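The structure under discussion appears below in the form of structure tokens.
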Amino acid sequence: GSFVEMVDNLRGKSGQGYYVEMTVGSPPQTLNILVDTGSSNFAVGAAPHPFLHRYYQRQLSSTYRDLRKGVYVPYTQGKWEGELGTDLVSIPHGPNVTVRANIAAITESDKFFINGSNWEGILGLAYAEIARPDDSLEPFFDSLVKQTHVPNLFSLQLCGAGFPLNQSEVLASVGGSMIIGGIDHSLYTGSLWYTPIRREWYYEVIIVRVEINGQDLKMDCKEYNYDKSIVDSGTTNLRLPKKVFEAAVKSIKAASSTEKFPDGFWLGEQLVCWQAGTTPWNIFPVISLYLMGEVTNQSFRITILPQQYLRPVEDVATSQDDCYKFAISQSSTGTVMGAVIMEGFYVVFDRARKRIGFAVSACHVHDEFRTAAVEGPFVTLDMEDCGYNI
Ligand SMILES: CCCN(CCC)C(=O)c1cc(C)cc(C(=O)N[C@@H](Cc2cc(F)cc(F)c2)[C@H](O)[C@@H]2NCN(Cc3ccccc3)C2=O)c1
Numbered sequence: 058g059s060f061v062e063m064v065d066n067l068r069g070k071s072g073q074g075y076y077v078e079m080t081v082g083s084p085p086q087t088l089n090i091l092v093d094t095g096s097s098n099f100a101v102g103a104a105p106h107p108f109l110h111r112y113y114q115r116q117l118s119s120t121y122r123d124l125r126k127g128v129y130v131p132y133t134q135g136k137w138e139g140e141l142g143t144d145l146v147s148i149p150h151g152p153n154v155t156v157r158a159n160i161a162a163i164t165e166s167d168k169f170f171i172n173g174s175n176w177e178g179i180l181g182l183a184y185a186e187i188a189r190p191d192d193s194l195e196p197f198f199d200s201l202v203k204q205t206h207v208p209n210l211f212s213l214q215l216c217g218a219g220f221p222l223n224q225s226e227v228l229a230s231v232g233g234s235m236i237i238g239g240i241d242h243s244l245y246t247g248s249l250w251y252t253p254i255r256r257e258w259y260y261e262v263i264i265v266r267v268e269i270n271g272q273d274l275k276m277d278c279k280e281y282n283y284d285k286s287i288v289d290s291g292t293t294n295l296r297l298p299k300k301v302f303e304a305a306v307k308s309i310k311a312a313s314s315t316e317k318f319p320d321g322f323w324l325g326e327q328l329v330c331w332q333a334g335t336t337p338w339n340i341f342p343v344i345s346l347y348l349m350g351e352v353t354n355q356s357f358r359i360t361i362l363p364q365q366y367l368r369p370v371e372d373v374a375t376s377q378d379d380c381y382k383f384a385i386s387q388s389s390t391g392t393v394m395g396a397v398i399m400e401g402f403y404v405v406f407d408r409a410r411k412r413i414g415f416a417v418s419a420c421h422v423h424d425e426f427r428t429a430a431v432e433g434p435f436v437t438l439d440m441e442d443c444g445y446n447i
């Protein structure tokens with residue numbers, strides 16, 4: 058590990074998001090910021106809100122610059138409205154650099170802020186093509202690279218605990234690492250495998266094959282990427298295109314048929330509980346996602362365990378049972394590889410080489426019999442045809 062200053066700089070959990078500490082303004086105003094590879098705007102609460110115990114105060118910053126422009130971002134989940142400006146930004150547990158970046162000061166929001174998440178803003182790490190109001194609003198990471206010597210690359214190690222974290226526990230727990238400008242080798246085991254970033258907007262990738270316990274889901278691979286597949290730390294679940302979701306759930310039910318689970322469970326709405334320590338991990342199948350490799354006709358696979366797709370949740374009775382919600386859900390906007398999937402891997406966003414790397418995470422949750430895996434290579438033909446075109 059060569060980036061020790063950034064190791065363990067994340068806090069949070071899949072259900073409420075992972076955040077990094079940042080400072081905005083002069084003198085510096087400390088704020089916790091959601092790490093979101095699924096959007097491209099740097100936005101912070103800038104006005105009182107029931108769920109915020111602190112917010113960006115522009116009138117207290119000598120370096121604040123008002124852009125005199127409004128901004129609106131409608132996420133899949135929620136929305137916020139704000140005022141555009143720029144100011145000096147730093148990451149305390151990051152590269153020792155200060156940059157002037159665009160900041161959307163949030164003045165109105167609906168279903169955006171999460172009660173108890175402990176974060177006051179969002180860091181959209183994706184490309185300008187999806188930034189609001191338009192692609193002219195330079196994303197934070199672009200500013201960072203243009204203004205400093207920081208390598209055009211960042212890596213994420215999101216660490217799920219494998220068990221419920223209460224309100225005090227999640228505040229004192231290390232939730233992972235965001236390494237700005239590099240790859241830290243202590244965060245993963247085995248080899249890193251790269252998949253091409255298909256297009257620079259979201260971090261778009263191409264899935265070429267899907268297996269449930271080694272059994273081919275056997276769908277036209279173009280279904281797996283309808284209308285796109287993205288890597289998104291700002292989404293909890295593995296979200297799958299309607300048809301893929303239906304087929305995957307049918308296969309996961311078949312593999313786990315020794316136990317019957319209520320429809321509410323499969324809909325990701327209701328929790329299932331087992332007596333402490335008795336979770337039957339072995340009846341649930343591993344899920345393998347094959348990703349286009351950098352070599353022609355070559356792919357690699359990332360394999361996740363139910364310890365990743367079953368999300369730990371506190372029992373409504375706070376009892377001693379181990380409870381979980383099914384963290385795979387349907388999408389109408391393509392595949393979303395959310396935080397529960399990212400928790401099994403060290404993920405390298407290699408912007409400079411337009412590729413995303415995957416390696417088994419040093420902090421993924423597993424059991425004595427199975428482990429998450431990143432394996433390759435596999436001969437795979439016509440992978441370009443798995444990509445969806447409008
Ligand atoms: C991560 C905590 C839990 N959580 C959000 C609260 C339920 C989710 O798991 C979850 C579930 C669903 C269905 C969507 C999203 C959800 O939109 N998450 C967004 C961030 C986010 C995080 C958050 F905690 C609250 C938000 F209101 C938005 C992502 O950016 C998402 N990725 C692609 N995209 C499309 C897009 C990109 C750029 C501009 C417009 C649209 C998105 O909206 C998150």
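Residue numbers (the authors' numbering): 58 to 447.
By construction, the Cβ of each residue, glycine as well, lies at the ideal position given by its N, Cα and C atoms.
Cβ-based burial, residue i [other Cβ within 10 Å; buried from 16]
i: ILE160; result: buried
i: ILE240; result: buried
i: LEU228; result: exposed
i: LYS136; result: exposed
i: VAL231; result: exposed
i: residue 449; result: In this structure the chain extends from 58 to 447, so residue 449 is not present and cannot be described.
i: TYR381; result: buried
i: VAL61; result: exposed
i: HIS421; result: buried
i: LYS285; result: buried
i: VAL373; result: exposed
i: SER119; result: exposed
i: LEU145; result: buried
i: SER345; result: buried
i: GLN134; result: exposed
i: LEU117; result: exposed
i: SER389; result: exposed
i: residue 36; result: Look at the range of the chain in this structure, 58 to 447, and you will see that residue 36 is not part of it.
Residue i beta carbon near ligand 2 (any heavy atom closer than 7 Å)
i: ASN294; result: Within the structure as shown, ligand 2 is missing, the only ligands being ligand 1.
6 Å Cβ shell around residue i - same chain, five flanking residues per side excluded
i: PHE435; result: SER356
i: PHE108; result: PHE170, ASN172
i: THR205; result: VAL154
i: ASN209; result: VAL202, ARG408, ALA409
i: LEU367; result: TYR381
i: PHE198; result: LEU182
i: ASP192; result: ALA185, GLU186
i: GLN73; result: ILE171, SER174
i: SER386; result: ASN294, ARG296, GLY325
Best match in the options for proximity to residue i [C-alpha to C-alpha]
i: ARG408; options: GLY135, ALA185, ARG68, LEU91; result: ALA185
i: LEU124; options: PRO131, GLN114, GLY142, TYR112; result: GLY142
i: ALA333; options: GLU303, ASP378, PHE302, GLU316; result: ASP378
i: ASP439; options: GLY395, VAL352, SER386; result: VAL352
i: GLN364; options: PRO105, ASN354, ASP372, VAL343; result: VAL343
i: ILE179; options: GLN86, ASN270, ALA162; result: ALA162
i: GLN272; options: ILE287, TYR251, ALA304, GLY291; result: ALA304
i: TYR260; options: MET394, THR120, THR428; result: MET394
i: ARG189; options: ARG115, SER71, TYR129, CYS330; result: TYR129
i: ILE269; options: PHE302, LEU222, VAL202; result: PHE302
i: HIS106; options: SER386, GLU165, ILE413; result: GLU165
i: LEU182; options: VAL146, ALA312, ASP289; result: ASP289
i: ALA103; options: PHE198, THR133, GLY82; result: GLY82
i: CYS216; options: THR390, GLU400, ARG410; result: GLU400
i: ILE90; options: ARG68, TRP250, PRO84; result: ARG68
i: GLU257; options: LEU295, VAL405, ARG412, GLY444; result: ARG412
i: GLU177; options: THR392, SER212, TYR112, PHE99; result: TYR112
i: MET79; options: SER71, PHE99, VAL397; result: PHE99
i: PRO221; options: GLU425, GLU138, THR375; result: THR375
Residues near residue i in its chain [Cβ-Cβ closer than 8 Å; skip 5 each side]
i: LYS300; result: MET276, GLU280, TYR283
i: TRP323; result: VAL306, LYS310, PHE383
i: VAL64; result: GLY58, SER234, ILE236, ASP241, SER243, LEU244
i: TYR347; result: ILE264, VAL265, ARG266, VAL267, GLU268, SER356, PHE357, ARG358, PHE435, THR437
i: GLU316; result: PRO337, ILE340
Contact set for residue i: own chain, Cβ-Cβ below 7 Å, skip 5 residues either direction
i: residue 448; result: Residue 448 lies beyond the range of the chain shown here (58 to 447); nothing can be said about it.
i: residue 24; result: Since the first residue shown for the chain is 58 and the last is 447, residue 24 is missing from the structure and cannot be characterised.
i: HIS423; result: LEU362, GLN364, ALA429
i: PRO319; result: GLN327
i: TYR132; result: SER96
Ordered list of beta strand (DSSP E) runs contained in the stretch 348–380, each at least 3 residues: 355–361, 367–370
3-residue-minimum beta strand (DSSP E) runs that sit fully inside the stretch 225–312, ordered along the chain: 233–237, 245–253, 264–269, 286–288, 295–298
Sequence ranges, beta strand (DSSP E) only - wholly within the stretch 322–349, length at least 3: 329–331, 344–349
Whole beta strand (DSSP E) elements within the stretch 135–210, 3-residue minimum: 136–147, 155–167, 178–181
Those runs of the beta strand (DSSP E) which lie wholly inside the stretch 82–108 and span at least 3 residues: 86–93, 99–102
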